[PDB]
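>>> To kick things off, part of the complex as it is:
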Amino acid sequence: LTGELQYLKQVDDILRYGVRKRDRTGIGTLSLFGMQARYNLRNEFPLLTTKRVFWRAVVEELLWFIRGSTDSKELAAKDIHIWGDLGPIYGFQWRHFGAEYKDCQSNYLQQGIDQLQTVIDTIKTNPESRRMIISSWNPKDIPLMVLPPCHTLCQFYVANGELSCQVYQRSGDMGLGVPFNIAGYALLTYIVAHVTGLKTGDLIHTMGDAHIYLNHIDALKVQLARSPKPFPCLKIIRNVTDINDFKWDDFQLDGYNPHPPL
């Protein structure tokens, strides 16, 4: 209903009423189109307690997006291998849109249209805007990527002071990806809400085709067997007025008492 129980029954949606569809690997998936969720960013943070979610990959991948560097090796230095040059990925699109790409050894600042900042600039000036958006979809660059963004874009909305984010994710797996990126885009709200000096209202998670791999069924069926435990509430120690100034040590996650994974 209100919480992780949205997601947790999104599995019981696709494991029951889910439709047979095929995966780009060629493995079978159970699919569903057009889901939606609302996760509460006030008083708490939505990190999955049903299965332990990788937190510091969630944190380091983001700051890697805020940097604008598309590379494996930079994040592999954090002992994070989840990702040479991936091409013009989110990190590029966020900070530079419509800028000619060579590789990430080239400096892409000064160029494109920086979305992340243009969202920030617009929040402190225009109290109300529906046009504040970060788009990861550029069909010209896309063929140059190692993979099209599963997260097409986000949009920000402010009412009575509290910031809300909706992220449109065209495709996600319930076992691996969406739990990860739930934290990921709920993480960005906290950040931009911080700079703009606003609060955290809600995170709306919108999914296109949402599947479950036919391996992950029983694994997912073990997970739902577990009563979810109370979400964490996140704190930001150092108050930062720049977006590229955020790093790991400014983050303290309290209240994570997940279950043994897999």
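Noted; the coordinates are in hand. Residues are numbered from 1 along each chain as shown, chains lettered A, B, ... in the order given.
>>> gap between residue A:73 and residue A:196?
32 Å (C-beta to C-beta, to the nearest Å). All C-beta atoms are positioned from the backbone trio N, CA, C, and that covers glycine.
>>> actually residue A:100, not the one I wrote
Residue A:100 is 31 Å from residue A:196, by C-beta to C-beta.
>>> Looking at these two, which one has more neighbours?
Legend: neighbour count by other C-beta atoms under 10 Å for residue A:100 and residue A:196, higher for residue A:196 (17 against 11).
>>> Excluding chain neighbours, give the residue nearest to that one in space.
With sequence-adjacent residues excluded and distances taken as C-beta to C-beta, 6 or more residues apart in numbering, residue A:196 is closest to residue A:123, at 4.4 Å.
>>> Provide the secondary structure category for that neighbour.
helix (DSSP: H, G, I helix; E, B strand; the rest coil).
>>> With residue A:93 instead?
Classification of residue A:93 by three-state DSSP places it in helix.
>>> these two touch, right, it and residue A:141?
Yes - Residue A:93 is within contact range of residue A:141, at 7.5 Å (criterion: C-beta atoms under 8 Å).
>>> neighbour-wise, which of the two wins?
When residue A:93 and residue A:141 are compared for neighbours, residue A:93 comes out ahead with 28 against 20, by other C-beta under 10 Å.
>>> List the residues that contact that one.
For residue A:93, the contacting residues are A:115, A:134-138, A:141, A:149, by C-beta atoms under 8 Å, 6 or more residues apart in numbering.
>>> Buried subset of these, written for ChimeraX?
One line in ChimeraX is enough to select the buried ones among those; burial here means 16 or more other C-beta atoms under 10 Å:
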select /A:115,134,135,136,138,141,149
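>>> slot chain B in:
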Amino acid sequence: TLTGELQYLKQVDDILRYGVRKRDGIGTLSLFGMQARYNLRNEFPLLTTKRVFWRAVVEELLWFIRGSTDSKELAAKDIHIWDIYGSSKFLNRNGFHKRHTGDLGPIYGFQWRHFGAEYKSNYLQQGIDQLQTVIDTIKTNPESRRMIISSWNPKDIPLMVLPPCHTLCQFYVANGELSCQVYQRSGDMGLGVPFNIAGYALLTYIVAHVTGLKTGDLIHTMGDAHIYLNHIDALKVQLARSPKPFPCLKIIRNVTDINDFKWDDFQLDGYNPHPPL
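Time to bring in chain B:
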């Protein structure tokens, strides 16, 4: 679960009850992250609670599909919805004084057919075709999560006379059924929200026609979903009105090309909305 126009009205209701007031001097009631499903199987989601302009919906898509950014072409057919923005009083107000009558900017139809083109004339072969790439892909790989048409081009956004309100859609194919989900950043429950529902549900009806598919659903996802404070009193009398059965959209001509589509290829069986007030 609702799945109907009953949902749309439930949004209006949940907006009107719980709406938060955001003043632009014209304030509205606003909520965020609304999603509604509209069944496209054996009915057309044309809203019956109040009459939607049909020939406008039909003529805009063709105007979208062929890539037309020119509003004069809709007016010659006496569809005037877009002719305000191509009106000289509007273009010279906003700094478009160098742009001529009917010139809107790169907009949906342009971004659809040519993405990353350079707006001026004849753009054929220029930019990326978002529409023809989806129909080609549905033929080749009906299972893909990568089929999307996005109108957002922040580089070209300032060129646009108005930024795209429906910023992109996605297509999904299963059971020989073609579906669609449009993300709308902003929509007005009283005027334009029901209007797009027709345009995209028609495109799905079109694309399913070209690809040889059926129509599963149209999922309408809204960004800020708002009611201007002045539509309220007039709106709530549309609340007590109970929506009727959806009409029957059909295509009497088998059309192998999406540019070959004409206003004369459809017939609506069973559409009878409520009178005004």
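>>> on contacts alone, who are the packing partners of the longest strand belonging to chain A?
Criterion DSSP state E: the longest strand present in chain A is strand A:199-213. Here strand A:199-213 touches helix A:5-14, strand A:28-32, strand A:35-40, strand A:162-173, helix A:177-195, strand B:166-174, going by 3 or more C-beta pairs under 8 Å, 6 or more residues apart in numbering or on different chains; DSSP states H and E.
>>> Is any residue of stretch A:55-73 near chain B?
No - Stretch A:55-73 stays clear of chain B (C-beta under 8 Å from any C-beta of the partner chain), getting no nearer than 15.0 Å.
>>> wait, I meant stretch A:77-94
No - Stretch A:77-94 lies out of reach of chain B by C-beta under 8 Å from any C-beta, never closer than 9.7 Å.
>>> Please state the offset of that stretch from the chain centre?
14 Å (C-alpha atoms, centre = their mean, to the nearest Å).
>>> Alpha carbons of the longest strand of chain A, in PDB - could you do that?
Extracted in PDB, the C-alpha atoms of strand A:199-213 (Å, rounded to 0.1, in the frame of the first residue of the first chain):
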ATOM      1  CA  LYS A 199      12.500  19.400   2.000                       C
ATOM      2  CA  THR A 200      11.800  15.900   0.800                       C
ATOM      3  CA  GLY A 201       8.200  15.200  -0.100                       C
ATOM      4  CA  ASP A 202       8.000  12.000  -2.200                       C
ATOM      5  CA  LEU A 203       9.600   9.900  -4.900                       C
ATOM      6  CA  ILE A 204       7.300   8.700  -7.700                       C
ATOM      7  CA  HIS A 205       8.700   5.600  -9.400                       C
ATOM      8  CA  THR A 206       7.200   5.000 -12.900                       C
ATOM      9  CA  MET A 207       7.900   1.800 -14.800                       C
ATOM     10  CA  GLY A 208       7.400   0.800 -18.400                       C
ATOM     11  CA  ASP A 209       7.900  -2.900 -19.100                       C
ATOM     12  CA  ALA A 210       8.700  -4.400 -15.800                       C
ATOM     13  CA  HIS A 211       9.800  -8.000 -15.700                       C
ATOM     14  CA  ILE A 212      11.000 -10.900 -13.700                       C
ATOM     15  CA  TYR A 213      13.700 -13.200 -15.000                       C
END
